[PDB]
């Protein structure tokens, strides 16, 4: 019989081009088949870092901590290193600019008990929120693999997570990254010390390709390699032009 999961090591060339190492995992929804350059690393669990703003957003919306995608979270007046964080935001722009202080406030309002219960309900990674309620996804005990990211994203795509359909549609809107006549990408980046992520999916006319990539990220320089390397894989596989 055909293989649910196949390894394509030729994608390693896209990492080697940049003196980097990592994994891209692709899932072809119509075929129900997955593809990766590194089967072992595809299943190793890492801190989710800013990719956690996907479940954090869902939980905040479903609990009413965030009323809708237009509600304004005012800047607290603390001048931070990332200039785009030093302004008022809504859910859309907080996702777009990956505004940590806004999501820390969401997490504090959610609280430890509800956050833990909701990650259990989501089957999210190791479901472990050990650490600070407002930083465990950056320096605490939570861990998720690339294949687990795809599983979670597939549930989100199909409105199957244990939150309202409305919360799922709002977050999928907030994940919008790029759209043209050839494809739509909904995705979220992340970076914790050691590891950069890009997770999401590519919508085509007649199929959807889910993706989850992580790579060794010693420096914030080359954060753009997350999208660049993934797009080289997508181009090689003729998913995007």
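Numbering follows the first chain given and starts at 1.
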Third-or-more of other entries without residue 221: yes
Given 85-93 and 165-173, the range whose Cα B-factors average higher in the PDB entry: 85-93
76-84 versus 95-103 - which carries the larger mean C-alpha B factor in the record: 76-84
C-alpha B-factor winner, where the candidates are 193, 64, 190, 200: 193
Among modelled residues of the same chain, the CA temperature factor third for residue 185: lowest
CA B-factor ranking of residue 38, expressed as a third of its chain: middle
Third of the chain, ranked by Cα B-factor, where residue 207 sits: highest
Cα B factor band for residue 69 (lowest, middle or highest third within the chain): middle
Among modelled residues of the same chain, the CA temperature factor third for residue 134: middle
